[PDB]
Amino acid sequence: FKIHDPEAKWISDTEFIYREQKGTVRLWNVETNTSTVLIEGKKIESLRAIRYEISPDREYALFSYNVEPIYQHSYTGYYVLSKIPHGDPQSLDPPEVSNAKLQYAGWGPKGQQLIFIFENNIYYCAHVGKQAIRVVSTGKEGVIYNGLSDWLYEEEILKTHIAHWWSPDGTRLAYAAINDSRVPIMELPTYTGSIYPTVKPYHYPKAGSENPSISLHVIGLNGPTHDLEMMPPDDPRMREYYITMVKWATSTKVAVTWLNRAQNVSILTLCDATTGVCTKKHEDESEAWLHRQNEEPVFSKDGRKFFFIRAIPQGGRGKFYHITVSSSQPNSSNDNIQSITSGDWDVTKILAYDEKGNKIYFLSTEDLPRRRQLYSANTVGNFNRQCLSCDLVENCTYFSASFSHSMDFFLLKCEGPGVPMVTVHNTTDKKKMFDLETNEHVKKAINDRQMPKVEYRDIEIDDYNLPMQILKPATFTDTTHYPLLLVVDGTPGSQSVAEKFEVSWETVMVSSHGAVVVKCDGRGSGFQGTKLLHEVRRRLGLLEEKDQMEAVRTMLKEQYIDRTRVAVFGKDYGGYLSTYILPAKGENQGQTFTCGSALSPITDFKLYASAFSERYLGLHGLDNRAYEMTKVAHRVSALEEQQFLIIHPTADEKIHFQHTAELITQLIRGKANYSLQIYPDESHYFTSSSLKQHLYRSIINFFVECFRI
Amino acid sequence: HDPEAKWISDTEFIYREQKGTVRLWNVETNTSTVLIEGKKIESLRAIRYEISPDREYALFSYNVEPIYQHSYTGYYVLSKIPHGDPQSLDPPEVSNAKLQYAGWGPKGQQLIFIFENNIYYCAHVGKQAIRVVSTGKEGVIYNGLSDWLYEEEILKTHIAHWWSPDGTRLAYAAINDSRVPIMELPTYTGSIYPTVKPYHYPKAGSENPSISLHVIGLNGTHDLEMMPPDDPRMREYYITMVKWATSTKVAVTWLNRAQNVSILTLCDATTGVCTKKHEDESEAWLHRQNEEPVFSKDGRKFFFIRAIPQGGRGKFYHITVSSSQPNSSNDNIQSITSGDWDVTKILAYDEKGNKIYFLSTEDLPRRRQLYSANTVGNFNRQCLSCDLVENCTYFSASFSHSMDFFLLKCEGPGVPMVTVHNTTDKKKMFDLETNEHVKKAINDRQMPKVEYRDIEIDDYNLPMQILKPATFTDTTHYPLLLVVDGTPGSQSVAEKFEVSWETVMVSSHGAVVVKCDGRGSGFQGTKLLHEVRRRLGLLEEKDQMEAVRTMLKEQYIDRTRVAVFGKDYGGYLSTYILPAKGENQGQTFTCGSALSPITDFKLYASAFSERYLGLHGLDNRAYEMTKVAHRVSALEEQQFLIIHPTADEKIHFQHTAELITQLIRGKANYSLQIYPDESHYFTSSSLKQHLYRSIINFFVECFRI
């Protein structure tokens, strides 16, 4: 079942890197079916170097290897530079330091120039032998950051460990400075270190507290290494601000997104990298918040009119996220907004724009919110949407793509509901010349076992068509009864009902232990309208609760389903929901769920990060009158007979153990029946394979025990 | 019920509260003098109260909460003898604040109080608070109160001040914790930002706190400190017993960190000079280091409890006479009591003739009877209580100042009993307390049938107690549930009366509960005590499986339903009794559990681990076979459960978490529960009843079929 996905990227407009398929790194050329071998099995001897990157001059290779990330992806460790053919592995060491751990190096936009960050200190090296330059070092251990992300950015808004950008000229570098000194620092207990283990402290801004300061600066990649700060906008509702991402529109101009602390006012600003002068290019605001600040304008090579994406009213069903064309330097007289496409759907991402005509390539849910396909349109007023896949292959409906430098070719991937089909196509013929990777071993594997029957029964509630997917054990019969399991995510801005290939524990007990699993996307689910997303605002945990109530009731209509064996599971915020979903239906036909489970729930959002709680319920520290009833302690009153289980690693970073401890205190005060399980001193994102096997085995054992009868 | 009466004189005892007010009963003609009334309610329900030695001031301890096993910290308020007029007891320039201890003197209204680990004394209630000593520190320098270790492990009591018989000087221990490693207990509930709480917990092989002894005068008041002995093998030492031999002389027991070399020394309180009296050594360790001396009115020959070789069945605990000033060459050691039995502790000694009263297990190890011997060479040990009341196998007699009268407490195996008797006639003129509510409760409820079936292994007979639901038959199968404690230097099986979870589960579902005094049980010869030296968790489990095999040969005891349970070290043993009996005859148990167990002793305190496994820090090589990691290997499907409070300072939750880590590496099914941020002993009754609810709720499901 393991996927040998290379996931290459277009090095040039004619060829891509052609990453590992079953070992040594080749380099495929689309021109005439040519796969030049560049890296051999020598990476095995590089102390098992996990990651590798190729310089823009394809003359030096960086190989990074470590043991474990920190928050989500802290790809630190040892970084070694090697010649492109082979040989001479040298550990990239910071100045006046021998071989030591290195957080990240990366590559420049040209030649063999690069940087590398050690203890929040950017060190530039134009050449292999170039001495590392202390360009900026004001960052500190857990106090001040520059070039990398803290917990808050890497887990809430940035979602990326790297926090700096290379200018196109390869002469300037934009880095974000983070002041975490004000942030309260909380410690995680250690129960495995030594006879006297010590706690692990890190800064974690809780709800109602303040948030770390942010600023953006530019350094020089040569000579003086001159630094210039960019002033944030000073709107009356922007006392505290966030920089989501920035992009080099040119080598001297940078597009910056500034979001107020209330998160209901965003500003796109064009700032001069070489001067520091910031010029606002766009402004947007909403009553509650600005959703999806994770988008990038498509700026041309010359910095001509760019292609952003934003919420257009879309008539009914609320406003939808659609592409927009805006001039390079819009005048203050009026906005140049021009929605490329419009419909009851959204553009998940915009691939690129071909300057050689009217060709805007993007990925969207235009077919359906539960499927992702590649589409293209024309930038000029005709706006003729053009197929590229639009169900190119019947087996796979999910799609993604990456185009070349001049849109000459593009890599494409299916990854659902079939095996990931990594293939190379061209914009002109729109026909596969050859297959890049198909993982036919996974094909015969899924054909070698009882692949569960996938089906979809969408429901309707209020003025919304709520998606839904349901599984069968591939031997299903309508007369025989089957126990029910629900999987709940309900994460604001997320989707559970999607046609993307994935195999996990749910399939494991569906095929083996004979279960039927339900995935739903209630109110507030993403990609189905900004209005629907904002329905749950200031009403967290209630509307979606009724959505899953109706889902359970509809699933109980079946004559092939059980009622004495019903269960619900969730994780993260979905864990909180799954806890909040233990009712007794009516008063006579109660016992809605036979057994329950959860994993790292979020009991009180005051005990969570501020960027989440303030965003979805308003800023705390002012008696928001919204974090009280959202405590599940009120709803866990009944807890009559359901067998409840909690899973929580000790050293969780995203969702602190304080939540579980408080919920356990509530259970004690309520005399509830449950069984807790813990992972001593383990990270939240839980990236160990054997431990993952243990966790899934525990889940399936508990669920089959509460379903055996 | 409990009168908890203590003597003020031979004629009268305090006769404390039974069901409210407190009268001062007098033995002579049943005279209960009116001293305390329902006035105790107005002082915010002061849990504890005391009477000044002049019987003119009453001290209430209100808003007192327990930090450790017994940390009587709270607000102490004095009041007049009749009723009313409270007044806050405070150090100078300090408002109403919690005081860790107050205490009381032997004469008049003199008293002390401890604030920030500092003793402040006043000879009078109206006397201004005096900074007699203020050198103590919060958790670093303790004077007047014990640390965690002394309150828990060796001294077994929080109070650390001893008044002189004349009430002129105080003997107190200065404990320095600046040389102790610290533990930061994780707090999860204190606030939105809960921070750890630090307290000095010396683990095995760590640096123990340094103890010194001091005596402070109560008049005039300069401190004077004593030299302990300086034997080469006691470079690290502790004070395991201290008591004023006279108004100027005090008996102190200095024991090495190896806990196998102890010295009893008589020292001058007003000078600080010490005079060595006795020494005691053993290859494994010493037992009952807290034995206070039994001196005389003139400070002559005192009484000691020595494990004399006693020929067969190993050495036994017998009383010994040590002359007033023994010669340098040799002492006047001479055992009074003899035979294959042990004296639990000496009640009292009569200087007006020859009558030494004590409790002993001469009848049975699980029974306590009162015996009185003579100091003269005849050694006529007489049983005085014997069988005064049929429902009394346990006994506890507190004798008066002139000793002609005493108070006898039964405490099982039936309803506990409190009575007043005279030592001469052994006559019950009246009953102090019959525990009427206890009788009416036991009569109206299904009392479980208690019976005993002792086992014999090697040269040790281990008593065992087994219960029945008072509806015993043969057609019904009784699922066995072993209960193991196995505390070294302690007795687990006896004829005492109890009401516990085992009683409830036997009454409700009739599952037989077995208790056996495994190897290491006390009061049965020091041979059994030292047999398990460096052999912990290895020999008691043999006794347990052989005992349960003997009880399992009964057809009404089934193989499908077998359980093991324990708490603290007993929890670890319970975990250690989950084997696979061969391979064909597996499923030795069905549901297993533990309560804050200890598996790897290197994560435990030095005074406990090193007492049996040798001092850590030098690779003793004995600690390393004591882990249940190898014994939790198979554990195919039998239920396994853990209960552990987060802030258990007795056994750290780190133990349980390391067990979880090892189980994850072993990949065996289990369960777990948490009590976030509470101490070990469940001071609140609500937590205790929730624990019992969880225990019974788990155990019912592991057998029902």
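The count begins at 1 with the first shown residue.
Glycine too: its Cβ is placed from the backbone N, Cα and C atoms.
Taken from Swiss-Prot, the feature N-linked glycosylation site applies to B:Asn30, B:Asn176, B:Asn260, B:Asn327, B:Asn391, B:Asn422, B:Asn669. Per Swiss-Prot, disulfide bond is recorded for B:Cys267-B:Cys274, B:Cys383-B:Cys386, B:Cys392-B:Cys410, B:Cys591-B:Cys702, and the stated evidence type is experimental evidence.
Shown here: features listed in Swiss-Prot, placed on the structure.
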residue: B:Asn260; record: N-linked glycosylation site; Cβ contacts under 8 Å, 6 or more apart: B:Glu281, B:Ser282, B:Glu283, B:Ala284, B:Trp285, B:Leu286
residue: B:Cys267; record: disulfide bond; Cβ contacts under 8 Å, 6 or more apart: B:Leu213, B:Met226, B:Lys249, B:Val250, B:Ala251, B:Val252, B:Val273, B:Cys274, B:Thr275
residue: B:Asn327; record: N-linked glycosylation site; Cβ contacts under 8 Å, 6 or more apart: none
residue: B:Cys383; record: disulfide bond; Cβ contacts under 8 Å, 6 or more apart: B:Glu362, B:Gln369, B:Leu370, B:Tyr371
residue: B:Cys386; record: disulfide bond; Cβ contacts under 8 Å, 6 or more apart: B:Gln369, B:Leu370
residue: B:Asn391; record: N-linked glycosylation site; Cβ contacts under 8 Å, 6 or more apart: B:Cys410, B:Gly412, B:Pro413, B:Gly414, B:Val415, B:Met417
residue: B:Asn422; record: N-linked glycosylation site; Cβ contacts under 8 Å, 6 or more apart: B:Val27, B:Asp404, B:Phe405, B:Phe406, B:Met429
residue: B:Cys591; record: disulfide bond; Cβ contacts under 8 Å, 6 or more apart: B:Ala563, B:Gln638, B:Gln639, B:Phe640, B:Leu641, B:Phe698, B:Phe699, B:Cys702, B:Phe703
residue: B:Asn669; record: N-linked glycosylation site; Cβ contacts under 8 Å, 6 or more apart: B:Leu635, B:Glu637, B:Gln639, B:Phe640
May I ask you to report the DSSP-based helix, strand or coil state of B:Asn30 (N-linked glycosylation site)? coil
Quiz question: given the glycosylation sites B:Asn30, B:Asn176, which has the greatest number of C-beta atoms lying within 10 angstroms of its own C-beta? B:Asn176
Provide the list of recorded positions among B:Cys383, B:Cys591, B:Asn669 whose C-beta sits under 8 Å from chain A at the C-beta level, in sequence order; use 'none' for an empty result. B:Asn669
In whole Å, note down how far the CA of B:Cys392 (disulfide bond) lies from the CA of B:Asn176 (N-linked glycosylation site). 45
When you measure from the Cβ of B:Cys410 (disulfide bond), how many other Cβ atoms are you left with inside 10 Å? 25
Under DSSP, is B:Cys383 (disulfide bond) helix, strand or coil? strand
Between B:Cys392 (disulfide bond) and B:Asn30 (N-linked glycosylation site), find the distance joining the two CA atoms and give it rounded to the nearest Å. 24
Ranked by the number of other Cβ atoms within 10 Å of their own Cβ, which of the disulfide-bonded residues B:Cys274, B:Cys392, B:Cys702 ranks first? B:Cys392
